[PDB]
Amino acid sequence: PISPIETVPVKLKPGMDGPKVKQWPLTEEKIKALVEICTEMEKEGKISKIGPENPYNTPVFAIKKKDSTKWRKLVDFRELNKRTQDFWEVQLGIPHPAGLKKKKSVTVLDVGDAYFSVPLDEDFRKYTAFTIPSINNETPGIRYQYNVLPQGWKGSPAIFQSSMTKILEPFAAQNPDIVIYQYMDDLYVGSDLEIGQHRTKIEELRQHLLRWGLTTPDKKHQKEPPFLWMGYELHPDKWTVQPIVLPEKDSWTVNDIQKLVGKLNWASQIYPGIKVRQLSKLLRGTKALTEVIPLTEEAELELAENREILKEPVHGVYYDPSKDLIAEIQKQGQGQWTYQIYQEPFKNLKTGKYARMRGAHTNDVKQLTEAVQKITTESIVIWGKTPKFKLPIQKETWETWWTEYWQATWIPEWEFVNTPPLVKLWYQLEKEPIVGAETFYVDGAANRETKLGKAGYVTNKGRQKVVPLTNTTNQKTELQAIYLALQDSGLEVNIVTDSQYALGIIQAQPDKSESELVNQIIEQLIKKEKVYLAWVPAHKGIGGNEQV
Amino acid sequence: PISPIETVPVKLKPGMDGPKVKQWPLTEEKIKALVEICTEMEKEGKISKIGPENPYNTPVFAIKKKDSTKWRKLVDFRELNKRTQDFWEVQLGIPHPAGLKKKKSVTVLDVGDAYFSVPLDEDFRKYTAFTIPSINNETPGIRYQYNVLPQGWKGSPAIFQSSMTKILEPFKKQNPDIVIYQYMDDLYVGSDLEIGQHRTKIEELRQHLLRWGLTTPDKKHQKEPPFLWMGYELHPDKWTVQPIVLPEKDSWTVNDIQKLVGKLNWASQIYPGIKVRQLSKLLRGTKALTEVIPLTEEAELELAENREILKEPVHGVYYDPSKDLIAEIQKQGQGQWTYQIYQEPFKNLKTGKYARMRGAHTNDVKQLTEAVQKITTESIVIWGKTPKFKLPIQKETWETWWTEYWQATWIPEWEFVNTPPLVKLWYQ
Ligand SMILES: N#C/C=C/c1cc(Cl)cc(Oc2ccc(Cl)cc2OCCn2ccc(=O)[nH]c2=O)c1
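So the sequence lines, in the order shown, correspond to chains A and B. FYI, in the deposited numbering the residues of the first sequence are 1 to 548. FYI, in the deposited numbering the residues of the second sequence are 1 to 428.
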């Protein structure tokens with residue numbers, strides 16, 4: 001049989017037993033349809049009839065496919081799968097085309113009857129036992145078991161991949177002018193060899209595999225570029241995404257919105273400028289998978305922009321190790337960032353976008369840093385080096401920022417590209433208090449029940465103000481106090497606040513938020529020349545005038 | 001070599017399975033290096049290739065070792081350690097000398113190579129599985145498991161402990177005043193001798209161990225050293241909680257006194273016997289920040305009384321062996337970093353400041369990495385165990401770049417903080 005391939009030893013999960021499920025049922029119309037399959041599988045040595053000796057057992061169902069000339073046997077291994085040991089996880093992610101090297105020729109070989117071509121560990125086989133019944137009347141049910149990897153069995157993919165990998169080594173040893181990538185039941189071979197000897201080599205590999213019991217395309221030899229693979233279009237000199245289709249609807253489903261943002265973020269690999277923000281903000285509600293969700297003007301505008309970019313196709317190229325790797329980032333402005341990875345000006349390996357969905361308040365430089373981080377990781381995964389960066393930020397700007405920042409930040413080799421909207425910090429608080437500046441002592445408070453509260457200040461010039469607030473919180477009033485001090489002061493101002501929160505926001509130097517209060521505070525801070533924010537403990541009775 | 005005896009059986013704490021941990025993506029360079037190293041280890045029988053029926057995995061990295069110019073493989077065993085040695089700090093646990101921290105000088109030696117001689121229990125090997133990753137998921141990763149006691153596993157020195165004791169015993173006889181503690185792949189040797197005599201004795205232990213068949217590639221510059229001064233020698237008697245200092249100026253301002261009162265009020269959580277009342281009086285209300293405010297009698301009395309109370313260590317602060325060690329670090333800028341090692345909040349077992357040299361040979365991540373290593377080493381010497389760090393850095397950044405600067409053979413536990421407040425200028 002298929003014995004030459006060395007079996008992989010398999011244990012059941014410790015402290016368990018094989019599946020004992022008995023099958024009497026059910027229908028006689030599909031029984032003699034099952035026998036037709038089982039006899040031909042038995043003759044092919046894939047399954048073997050087992051006897052009276054009281055083995056285990058598993059349910060077996062029969063079903064059909066359209067164009068009924070093809071019958072289907074489906075064995076349910078779920079229980080056994082519960083009871084079998086864990087295996088090394090099969091390859092999770094898939095190789096990204098931007099990391100592939102251009103080869104003079106590429107061939108695709110799928111192996112048919114894959115799992116059934118790899119033997120199953122002998123001692124384990126008894127646990128794969130199953131029964132085909134008859135209708136009563138002193139007839140013992142037909143008992144079989146698998147000699148090979150059962151379709152749907154837990155350990156089948158990993159053991160198969162292991163076996164293929166092994167079988168490939170006596171070949172790849174004799175031929176390292178040719179590179180073989182392995183994915184599932186597919187082998188992707190490529191070479192810079194002359195086309196004739198490339199073809200010859202391919203056929204050699206074919207006869208090798210066939211000698212080991214692995215079938216492979218004969219009629220044809222099949223796929224010629226493209227090469228529609230895993231949602232891609234692979235062309236000899238270029239790669240792109242499988243065509244993207246955005247549906248048009250009067251009423252949008254949260255499900256369809258998930259499919260939408262999915263197709264869009266998928267499209268973002270290559271088409272530059274894709275914005276998922278508003279459409280995803282729609283999905284921010286985590287409730288009710290069937291709920292009909294309306295749109296927003298910003299959302300529909302965004303979808304329109306996406307349709308406009310998607311209208312005209314752009315293509316990605318393949319990787320050249322001799323050429324440097326460059327990543328370039330541009331700010332979209334809504335908290336969204338875009339980037340392209342290229343060794344060439346008019347050709348991109350790929351593109352992508354980074355958005356900060358964490359929390360609310362974060363500034364431009366930190367966001368740029370995080371983007372550089374994501375790009376660095378992605379580049380390590382796809383290529384194995386890190387790119388040189390082209391960033392829209394002045395040297396002195398980033399230097400000042402990282403030197404002033406409480407967290408340790410690191411960026412690799414990078415240079416300043418002059419393309420606006422250049423990233424900058426709009427205001428820098430004073431390191432030391434300002435002489436000849438009005439000193440505002442600010443405070444704010446709220447009743448967490450009534451939710452009214454108030455915000456105000458008292459200056460050293462004897463100037464005082466108290467502004468009533470409605471529908472707010474202590475934090476809101478506390479920012480409102482600083483804002484109030486900003487409105488009523490001159491170009492140079494000293495503010496003193498009792499709260500760690502407000503000081504925390506202000507010192508953080510954010511340039512934007514969804515909080516309009518903080519936005520206006522920012523605008524004030526920009527309009528100001530010198531602002532010194534200082535902190536003191538509350539209720540310590542020093543400079544603070546509070547109330548209740 | 002050969003099995004001198006049978007293998008020491010390793011039993012995991014019952015009701016717990018082996019480590020399954022994803023392998024980080026690596027640079028092509030580091031992958032190639034790992035491939036060379038592992039091919040070599042495979043030829044020498046140290047490790048073997050495994051099939052898909054081994055579910056377990058443990059991360060692997062390629063570090064630069066020491067100032068040496070060639071690569072080194074570093075396995076991150078933290079998970080497996082937690083899953084085994086936690087029961088093997090019990091059964092085989094190595095005692096920790098309390099006199100190591102009191103020595104004038106402590107040298108660290110790499111004894112790891114020893115472990116390579118000893119075989120590992122056949123049943124246990126499957127838990128040591130690791131993977132050399134492939135770029136771009138193009139080929140399935142290369143999978144090995146250890147056939148011998150692996151470096152970085154805490155059970156390794158536990159198993160080799162008797163051997164180490166036998167080899168060390170003669171040296172301890174000729175040198176009864178020298179303290180020697182083993183932590184994983186490292187040997188810490190303390191002494192009160194002169195620095196020269198100390199290094200001499202260290203070389204004596206080197207030649208001793210070597211002629212007993214235990215290699216320690218600590219050979220430094222050979223004949224004539226260029227540039228860099230020496231290497232690793234600790235001085236643990238200089239390690240203690242640092243006193244908190246109040247700013248001292250000829251004159252004070254409203255704002256200065258504000259910062260002072262603030263810092264003192266913060267310090268009240270540590271040293272409850274501080275009185276801030278007289279200190280915030282002198283500015284009664286509504287003054288300009290830059291207004292100069294001379295201090296009264298009772299004010300200066302309070303300041304001095306608070307100065308001498310802050311220069312002496314806390315009360316009720318002791319090391320709890322049942323509790324984990326926690327290390328906070330905060331960035332002070334200009335190359336300086338400060339750190340606190342504690343167990344319960346505001347009770348500090350140790351505090352310090354790590355400072356490297358500036359001028360564009362260094363960056364932030366390098367400094368933090370070296371700081372973490374230094375603190376971890378101090379912690380090893382003092383308590384015989386490593387702290388869990390709260391690192392002021394973005395998780396992905398740290399996870400990316402930490403292996404570049406990492407000279408140490410162990411890995412402490414860590415987690416990341418996005419919060420920290422005004423407590424920066426208060427700790428320096
Ligand atoms: N189904 C399916 C295929 C899927 C598939 C999937 C992968 Cl990960 C790779 C693949 O083909 C390749 C195989 C091996 C190498 Cl070194 C490059 C390849 O480049 C492919 C790009 N290419 C394609 C054609 C050509 O002439 N030149 C060229 O560089 C095919």
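The C-beta atom is built at its ideal place from N, Cα and C for all residues, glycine as well.
Are any of the Cβ atoms in chain A nearer than 7 angstroms to that of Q258 of chain B? Contact with chain A is found for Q258 of chain B, since one of that chain's Cβ atoms lies less than 7 angstroms from the residue's Cβ.
For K353 of chain A: DSSP bridge partner residues: In the DSSP output, where bridge partners are listed per residue, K353 of chain A has A:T338.
With distances taken between CB atoms, is the gap from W414 of chain B to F389 of chain B smaller than 7 angstroms? A contact, by the Cβ cut-off of 7 angstroms.
Terminal residues of the beta strand (DSSP E) in which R143 of chain B lies: Counted as a single uninterrupted DSSP element, the beta strand (DSSP E) harbouring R143 of chain B occupies residues 142 to 146.
Using a threshold of 7 angstroms, state whether the C-beta atoms of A437 of chain A and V493 of chain A are closer than that. Contact check for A437 of chain A against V493 of chain A passes: the beta carbons are separated by less than 7 angstroms.
Tell me the rounded alpha-carbon separation between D237 of chain B and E344 of chain B. Cα-Cα distance, rounded: 24 angstroms.
Beta-carbon within less than 7 angstroms of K238 of chain A's beta-carbon, same chain only, minus the 5 sequence neighbours each way: which residues are those? In its chain, beyond the 5 residues on either side, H315, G316, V317 have a beta carbon closer than 7 angstroms to the beta carbon of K238 of chain A.
Keeping to the same chain, check which residues put their C-beta closer than 8 angstroms to that of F87 of chain B; ignore five residues upstream and five downstream. The beta carbon of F87 of chain B is closer than 8 angstroms to those of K11, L12, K13 in its chain, skipping five residues each way along the sequence.
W383 of chain B: beta carbon under 6 angstroms from a heavy atom of ligand 1? Flag unset: Cβ of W383 of chain B not near ligand 1.
Pull up the distance between the alpha-carbon of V148 of chain A and that of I50 of chain A, whole angstroms please. Those two C-alpha atoms are separated by around 15 angstroms.
Do you know whose CA, among B:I382, B:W402, B:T400, lies nearest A98 of chain B's CA? Selected option, being the one with the closest Cα: B:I382.
Just to confirm my understanding: we take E42 of chain B, look at its own chain, exclude 5 residues before and 5 after, and list those with CB closer than 8 angstroms. What are they? Correct list, in chain order: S48, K49, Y144.
CA nearest to the CA of residue 550 of chain A, picked from A:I159, A:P225, A:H208: The shown model of chain A, from 1 to 548, leaves out residue 550 of chain A, and the question about it has no answer.
Just checking my contact of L92 of chain A with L187 of chain A at CB under 8 angstroms: how many whole Å lie between their CB atoms? At roughly 19 angstroms, the Cβ-Cβ gap does not stay under 8 angstroms, so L92 of chain A and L187 of chain A are not in contact.
Report back the beta-carbon spacing between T84 of chain A and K13 of chain A to the nearest angstrom; my notes put them in contact at under 8 angstroms. The C-beta distance from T84 of chain A to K13 of chain A rounds to 7 angstroms, short enough to fall under 8 angstroms.
DSSP on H235 of chain A, reduced to helix/strand/coil? Strand.
Look at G155 of chain B and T84 of chain B and say whether their C-beta atoms are less than 7 angstroms apart. Yes. Within cutoff.
What are the residues that DSSP puts in a beta bridge with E492 of chain A? Answer is A:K530.
I'd like to confirm something about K103 of chain A: is its beta-carbon nearer than 6 angstroms to some heavy atom of ligand 1, or not? Yes; taking the cut-off as 6 angstroms, the Cβ of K103 of chain A has a heavy atom of ligand 1 nearer than that.
Measure the C-alpha to C-alpha separation of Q242 of chain A and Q182 of chain A and round it to an integer number of angstroms. Computed Cα separation, rounded: 21 angstroms.
Contact between the segment 261 to 277 of chain B and the segment 480 to 489 of chain A: three or more CB pairs below 8 angstroms? Contact between the segment 261 to 277 of chain B and the segment 480 to 489 of chain A is absent, because fewer than three Cβ pairs lie under 8 angstroms.
Which residues in the same chain as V21 of chain B place their Cβ atom closer than 7 angstroms to its Cβ, once the five residues preceding and following it in sequence are excluded? Counting only residues of its own chain and dropping the five nearest sequence neighbours on each side, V21 of chain B has a CB closer than 7 angstroms to the CB of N57, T58, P59, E79.
Give the DSSP bridge partners of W414 of chain B, in chain order. Looking at the DSSP assignment, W414 of chain B forms a beta bridge with B:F389.
Is any heavy atom of ligand 1 found at a distance shorter than 6 angstroms from the C-beta of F227 of chain A? Yes - ligand 1 has a heavy atom lying nearer than 6 angstroms to the Cβ of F227 of chain A.
Tell me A327 of chain B's beta-bridge partners as DSSP assigns them. Looking at the DSSP output, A327 of chain B sits in a beta bridge with B:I341, B:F389.
So, using beta-carbon positions, are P468 of chain A and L422 of chain A closer together than 7 angstroms? Not closer than 7 angstroms, so no.
Compute the Euclidean distance between the alpha carbons of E40 of chain B and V179 of chain A, then round it to the nearest angstrom. Approximately 24 angstroms, taken between the alpha carbons.
When you compare only the Cα positions, how much space is there between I522 of chain A and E328 of chain A? Straight across, the Cα-Cα distance linking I522 of chain A with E328 of chain A is about 29 angstroms.
Which residues, in order along the segment 156 to 170 of chain A, keep a beta-carbon less than 8 angstroms from a beta-carbon of chain B? Residues passing the 8 angstroms Cβ filter: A158, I159, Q161, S162, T165.
Relative to the alpha-carbon of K22 of chain A, which residue among A:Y342, A:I309, A:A129 has its alpha-carbon at the smallest distance? With respect to the C-alpha of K22 of chain A, the residue from A:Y342, A:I309, A:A129 having the closest C-alpha is A:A129.
Cβ-based neighbour list, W414 of chain A, same chain, cut-off 6 angstroms, excluding 5 preceding and 5 following: Here the set comprises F389, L391.
Name the chain A residues that come within less than 8 angstroms of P420 of chain B, Cβ to Cβ? For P420 of chain B, the chain A residues whose Cβ falls inside 8 angstroms of its Cβ are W406, in order along the chain.
Ligand 1 heavy atom lying under 6 angstroms from the CB of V90 of chain A: Checking the 6 angstroms criterion, the Cβ of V90 of chain A is out of range of every heavy atom belonging to ligand 1.
Could you give the uninterrupted runs of the beta strand (DSSP E) lying entirely in the segment 494 to 519 of chain A, keeping only those of 3 residues or more? DSSP runs (the beta strand (DSSP E)) wholly in the segment 494 to 519 of chain A: none.
Unbroken stretches of the alpha helix (DSSP H), 4 residues or longer, contained in the segment 272 to 342 of chain A: Note on the segment 272 to 342 of chain A: whole alpha helix (DSSP H) runs with a minimum of 4 residues are 277 to 282, 297 to 311, in chain order.
Bounding residues of the beta strand (DSSP E) (the contiguous stretch that carries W71 of chain A): Residues 71 to 75.
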